[PDB]
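With mmCIF, C-alpha atoms and all ligand atoms inside, this is work03.cif:
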```
data_final
loop_
_atom_site.label_atom_id
_atom_site.label_comp_id
_atom_site.auth_asym_id
_atom_site.auth_seq_id
_atom_site.Cartn_x
_atom_site.Cartn_y
_atom_site.Cartn_z
CA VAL A 3 104.38 211.32 32.02
CA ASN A 4 105.39 207.63 32.40
CA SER A 5 108.40 205.59 31.19
CA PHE A 6 107.09 203.95 27.97
CA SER A 7 109.27 205.11 25.04
CA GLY A 8 108.45 204.81 21.31
CA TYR A 9 104.75 203.95 21.48
CA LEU A 10 102.46 205.20 18.65
CA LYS A 11 99.13 206.78 19.70
CA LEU A 12 96.00 204.91 18.51
CA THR A 13 93.26 206.50 20.81
CA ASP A 14 92.97 208.66 23.89
CA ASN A 15 94.14 205.75 26.05
CA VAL A 16 95.67 203.02 23.78
CA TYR A 17 99.25 203.00 22.45
CA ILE A 18 101.10 200.39 20.36
CA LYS A 19 104.78 199.45 19.74
CA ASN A 20 106.60 196.79 17.67
CA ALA A 21 108.44 194.89 20.41
CA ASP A 22 108.39 191.64 22.42
CA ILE A 23 106.37 192.23 25.62
CA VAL A 24 109.05 190.33 27.60
CA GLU A 25 111.80 192.70 26.40
CA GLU A 26 109.59 195.75 27.02
CA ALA A 27 108.96 194.58 30.59
CA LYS A 28 112.66 193.94 31.32
CA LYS A 29 113.54 197.47 30.12
CA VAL A 30 110.59 199.51 31.52
CA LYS A 31 109.75 197.53 34.69
CA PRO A 32 106.14 198.81 34.54
CA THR A 33 103.75 198.79 37.48
CA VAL A 34 101.63 196.12 35.72
CA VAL A 35 102.51 193.65 32.98
CA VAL A 36 99.64 191.55 31.61
CA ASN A 37 100.18 187.85 31.05
CA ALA A 38 98.15 185.89 28.49
CA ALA A 39 97.29 183.20 31.03
CA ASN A 40 95.25 180.03 30.97
CA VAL A 41 92.93 179.05 33.83
CA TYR A 42 95.57 176.71 35.32
CA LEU A 43 98.33 179.34 35.19
CA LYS A 44 100.41 176.75 33.31
CA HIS A 45 103.00 179.02 31.64
CA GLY A 46 104.51 176.71 29.01
CA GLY A 47 104.48 178.69 25.75
CA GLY A 48 103.42 181.89 24.06
CA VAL A 49 103.39 185.06 26.16
CA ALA A 50 103.10 183.06 29.41
CA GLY A 51 106.05 180.77 28.71
CA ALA A 52 108.12 183.70 27.43
CA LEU A 53 107.54 185.91 30.52
CA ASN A 54 107.95 182.95 32.87
CA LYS A 55 111.31 181.98 31.32
CA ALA A 56 112.40 185.53 31.88
CA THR A 57 111.57 185.09 35.60
CA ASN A 58 113.72 181.92 35.80
CA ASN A 59 110.46 179.95 36.50
CA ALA A 60 109.63 182.00 39.62
CA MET A 61 106.33 183.02 38.00
CA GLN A 62 105.38 179.34 37.62
CA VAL A 63 106.37 178.52 41.23
CA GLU A 64 104.22 181.36 42.57
CA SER A 65 101.39 180.40 40.20
CA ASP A 66 101.33 176.75 41.30
CA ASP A 67 100.98 177.87 44.95
CA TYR A 68 98.13 180.22 43.89
CA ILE A 69 96.24 177.40 42.10
CA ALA A 70 96.81 174.94 44.94
CA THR A 71 95.11 177.42 47.30
CA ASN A 72 92.43 178.97 45.08
CA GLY A 73 91.74 176.60 42.20
CA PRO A 74 91.60 177.63 38.56
CA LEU A 75 90.63 180.99 37.17
CA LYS A 76 87.58 181.53 34.96
CA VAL A 77 87.88 182.15 31.23
CA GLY A 78 87.50 185.94 31.11
CA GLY A 79 88.92 186.28 34.63
CA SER A 80 92.22 187.37 36.15
CA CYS A 81 94.39 187.46 39.22
CA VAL A 82 97.15 189.78 40.40
CA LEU A 83 100.45 188.14 41.34
CA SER A 84 104.05 189.34 41.59
CA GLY A 85 105.76 190.85 38.56
CA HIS A 86 109.07 189.31 39.72
CA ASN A 87 111.99 190.93 37.82
CA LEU A 88 109.68 192.21 35.04
CA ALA A 89 107.17 194.55 36.78
CA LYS A 90 105.78 195.38 40.18
CA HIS A 91 102.72 193.19 39.47
CA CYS A 92 101.63 190.69 36.85
CA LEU A 93 97.95 190.71 35.95
CA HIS A 94 97.26 187.17 34.68
CA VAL A 95 94.27 187.49 32.33
CA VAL A 96 92.53 184.52 30.68
CA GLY A 97 91.21 185.30 27.23
CA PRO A 98 89.16 182.57 25.48
CA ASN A 99 91.22 180.06 23.52
CA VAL A 100 89.20 179.45 20.33
CA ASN A 101 91.63 176.57 19.39
CA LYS A 102 90.28 174.86 22.58
CA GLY A 103 86.61 175.62 21.76
CA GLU A 104 86.15 178.60 24.13
CA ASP A 105 83.63 181.41 23.41
CA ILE A 106 85.14 184.50 21.66
CA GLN A 107 82.46 186.72 23.31
CA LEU A 108 84.44 186.29 26.56
CA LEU A 109 87.22 188.46 25.13
CA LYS A 110 85.41 191.63 26.24
CA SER A 111 85.13 190.27 29.79
CA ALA A 112 88.86 189.50 29.73
CA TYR A 113 89.75 193.07 28.70
CA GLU A 114 87.48 194.51 31.42
CA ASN A 115 90.05 193.30 33.96
CA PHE A 116 92.43 195.97 32.63
CA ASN A 117 90.12 198.72 33.93
CA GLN A 118 91.16 197.91 37.52
CA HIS A 119 94.68 199.27 36.76
CA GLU A 120 95.56 202.84 35.75
CA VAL A 121 98.41 201.88 33.40
CA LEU A 122 99.37 198.49 31.90
CA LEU A 123 101.89 196.92 29.51
CA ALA A 124 99.91 194.29 27.62
CA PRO A 125 99.82 191.81 24.71
CA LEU A 126 96.89 191.13 22.35
CA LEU A 127 94.53 188.89 24.35
CA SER A 128 93.20 185.71 22.67
CA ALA A 129 95.60 186.20 19.72
CA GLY A 130 98.74 184.19 18.95
CA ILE A 131 98.27 180.57 20.02
CA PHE A 132 94.84 181.39 21.54
CA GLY A 133 93.48 181.41 17.98
CA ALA A 134 91.56 184.69 17.66
CA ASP A 135 92.20 187.31 14.97
CA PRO A 136 94.63 190.00 16.30
CA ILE A 137 92.65 192.75 14.46
CA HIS A 138 89.52 191.81 16.42
CA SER A 139 91.43 191.68 19.70
CA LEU A 140 92.73 195.22 19.16
CA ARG A 141 89.18 196.42 18.37
CA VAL A 142 87.79 194.87 21.57
CA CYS A 143 90.70 196.34 23.55
CA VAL A 144 90.08 199.88 22.28
CA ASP A 145 86.32 199.54 22.79
CA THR A 146 86.56 198.07 26.33
CA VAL A 147 89.63 199.38 28.16
CA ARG A 148 89.39 202.91 29.56
CA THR A 149 92.69 202.97 31.46
CA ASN A 150 96.06 203.55 29.76
CA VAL A 151 97.26 200.51 27.84
CA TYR A 152 100.63 200.09 26.13
CA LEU A 153 100.31 197.19 23.66
CA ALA A 154 103.55 195.44 22.66
CA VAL A 155 103.24 193.58 19.30
CA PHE A 156 106.21 191.22 18.65
CA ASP A 157 105.58 190.57 14.93
CA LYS A 158 106.58 193.43 12.58
CA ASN A 159 104.18 192.37 9.82
CA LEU A 160 101.34 192.02 12.32
CA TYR A 161 102.13 195.41 13.89
CA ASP A 162 102.09 197.05 10.44
CA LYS A 163 98.76 195.38 9.61
CA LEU A 164 97.23 196.42 12.95
CA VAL A 165 98.22 200.08 12.50
CA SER A 166 97.28 200.27 8.82
CA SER A 167 93.85 198.62 9.27
CA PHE A 168 92.88 200.42 12.48
CA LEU A 169 89.54 202.24 12.27
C1 LIG B 201 101.77 186.02 14.62
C2 LIG B 201 100.85 186.45 15.77
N1 LIG B 201 99.53 186.52 15.80
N2 LIG B 201 99.13 186.93 17.00
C3 LIG B 201 100.23 187.12 17.69
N3 LIG B 201 101.32 186.84 16.98
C4 LIG B 201 102.70 186.94 17.46
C5 LIG B 201 102.83 187.75 18.76
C6 LIG B 201 102.80 189.26 18.52
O1 LIG B 201 102.54 190.00 19.50
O2 LIG B 201 103.09 189.71 17.37
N4 LIG B 201 101.72 187.35 19.65
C7 LIG B 201 101.86 186.70 20.93
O3 LIG B 201 100.90 186.37 21.54
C8 LIG B 201 103.27 186.55 21.50
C9 LIG B 201 103.96 187.72 21.73
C10 LIG B 201 105.21 187.68 22.29
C11 LIG B 201 105.75 186.46 22.68
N5 LIG B 201 107.10 186.55 23.13
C12 LIG B 201 108.04 185.51 22.85
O4 LIG B 201 107.77 184.45 22.39
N6 LIG B 201 109.37 185.87 23.23
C13 LIG B 201 110.44 184.93 22.93
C14 LIG B 201 111.03 183.94 23.91
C15 LIG B 201 111.72 185.29 23.67
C16 LIG B 201 105.09 185.28 22.41
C17 LIG B 201 103.82 185.33 21.85
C18 LIG B 201 100.36 187.57 19.13
#
```
Give the structure from this file in structure tokens form.
Ligand SMILES: Cc1nnc2n1C[C@@H](C(=O)O)N(C(=O)c1ccc(NC(=O)NC3CC3)cc1)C2
Amino acid sequence: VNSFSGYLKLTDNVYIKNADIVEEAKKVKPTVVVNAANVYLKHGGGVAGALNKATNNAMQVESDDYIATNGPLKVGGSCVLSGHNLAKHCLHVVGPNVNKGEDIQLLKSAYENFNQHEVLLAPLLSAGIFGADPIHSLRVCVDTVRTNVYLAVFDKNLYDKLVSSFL
């Protein structure tokens, strides 16, 4: 028994709720929150900008030091950094950005990073401003992640479509 309240059960290990991931993190303070990162950890908009604003830019400050030492991530890759005021840890995961010409097949590799953590609060990778279809992202998530994932979907109409079309 963990602290996630109001999630609807989709599979043995995947749960879904209509809420902003940033607001879910502030309330729950999970062990791991997943950020929809880019390879530069430049958190300007979307999930990344939203979570970073909630950290008063401390996420960006930590991220810039990480990149200065280690260089960019790979598309499909991840790193673990502080969760600041939102979580114990933030798992920054880079899904392909199809609006930028990146390969959608890399979405499975991105979700595989979740398997290194027993429980995660997460958004739909590669969706939103990354350009992939949310329905597809949920399918890859369910078919790739084996650990316990709590998906927070901000958009009510998208949430309803994801639940109603789920196979
Ligand atoms: C439509 C559509 N198609 N795909 C998606 N969306 C909307 C949204 C969702 O979950 O429904 N998605 C995101 O990536 C996202 C989710 C949450 C956030 N938080 C956010 O801005 N907080 C504001 C500042 C307080 C930003 C971006 C995926």
Report as a list in words all protein, DNA and RNA residues lying within 9 Å of residue 41 of chain A, evaluated on all atoms listed in the file, omitting residues in the same chain fewer than 2 positions from it. residues 39, 43, 44, 73, 74, 75, 76, 77, 79, 80, 95 and 96 of chain A
- Query: Mind listing the residues within 12 Å of ligand LIG 201 (chain B), all atoms listed in the file counted, as number ranges by chain?
  - Reply: A: 18-28, 36-39, 45-57, 97, 99, 124-140, 153-164
Kindly provide, as a PDB file with C-alpha atoms, keeping the file's coordinate frame, the polymer residues lying within 12 Å of (103.6, 189.6, 39.7), counting all atoms listed in the file and using the coordinates exactly as they appear in the file.
```
ATOM      1  CA  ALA A  27     108.960 194.580  30.590  1.00  0.00           C
ATOM      2  CA  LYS A  31     109.750 197.530  34.690  1.00  0.00           C
ATOM      3  CA  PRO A  32     106.140 198.810  34.540  1.00  0.00           C
ATOM      4  CA  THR A  33     103.750 198.790  37.480  1.00  0.00           C
ATOM      5  CA  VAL A  34     101.630 196.120  35.720  1.00  0.00           C
ATOM      6  CA  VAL A  35     102.510 193.650  32.980  1.00  0.00           C
ATOM      7  CA  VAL A  36      99.640 191.550  31.610  1.00  0.00           C
ATOM      8  CA  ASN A  37     100.180 187.850  31.050  1.00  0.00           C
ATOM      9  CA  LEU A  53     107.540 185.910  30.520  1.00  0.00           C
ATOM     10  CA  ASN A  54     107.950 182.950  32.870  1.00  0.00           C
ATOM     11  CA  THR A  57     111.570 185.090  35.600  1.00  0.00           C
ATOM     12  CA  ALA A  60     109.630 182.000  39.620  1.00  0.00           C
ATOM     13  CA  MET A  61     106.330 183.020  38.000  1.00  0.00           C
ATOM     14  CA  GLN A  62     105.380 179.340  37.620  1.00  0.00           C
ATOM     15  CA  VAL A  63     106.370 178.520  41.230  1.00  0.00           C
ATOM     16  CA  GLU A  64     104.220 181.360  42.570  1.00  0.00           C
ATOM     17  CA  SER A  65     101.390 180.400  40.200  1.00  0.00           C
ATOM     18  CA  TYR A  68      98.130 180.220  43.890  1.00  0.00           C
ATOM     19  CA  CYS A  81      94.390 187.460  39.220  1.00  0.00           C
ATOM     20  CA  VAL A  82      97.150 189.780  40.400  1.00  0.00           C
ATOM     21  CA  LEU A  83     100.450 188.140  41.340  1.00  0.00           C
ATOM     22  CA  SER A  84     104.050 189.340  41.590  1.00  0.00           C
ATOM     23  CA  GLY A  85     105.760 190.850  38.560  1.00  0.00           C
ATOM     24  CA  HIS A  86     109.070 189.310  39.720  1.00  0.00           C
ATOM     25  CA  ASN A  87     111.990 190.930  37.820  1.00  0.00           C
ATOM     26  CA  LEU A  88     109.680 192.210  35.040  1.00  0.00           C
ATOM     27  CA  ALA A  89     107.170 194.550  36.780  1.00  0.00           C
ATOM     28  CA  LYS A  90     105.780 195.380  40.180  1.00  0.00           C
ATOM     29  CA  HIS A  91     102.720 193.190  39.470  1.00  0.00           C
ATOM     30  CA  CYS A  92     101.630 190.690  36.850  1.00  0.00           C
ATOM     31  CA  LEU A  93      97.950 190.710  35.950  1.00  0.00           C
ATOM     32  CA  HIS A  94      97.260 187.170  34.680  1.00  0.00           C
TER      33      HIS A  94
END
```
Nearby residues, (95.1, 201.6, 29.2) file frame, 12 Å, all atoms listed in the file, as an MDAnalysis selection string = chainID A and resid 11:18 34:36 113:125 143:153
Using atom CA of residue 42 of chain A and atom CA of residue 72 of chain A as the two end points, give the distance in Å to one decimal.
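Atom CA of residue 72 of chain A lies 10.5 Å from atom CA of residue 42 of chain A.
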As a check of understanding: the span from atom CA of residue 165 of chain A to atom CA of residue 7 of chain A is 17.5 Å
Review point. Do you know which residues are at most 10 Å from residue 107 of chain A counting all atoms listed in the file, after dropping those on the same chain fewer than 6 positions away, and could you put them as a list in words?
Key: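 Once the adjacent positions are removed, what remains is residues 78, 97, 98 and 142 of chain A.
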Taken to one decimal, the atom CA of residue 109 of chain A-atom CA of residue 3 of chain A distance is 29.4 Å
Counting all atoms listed in the file, the residue among A:106, A:59, A:6, A:166 that lies closest to residue 29 of chain A is A:6
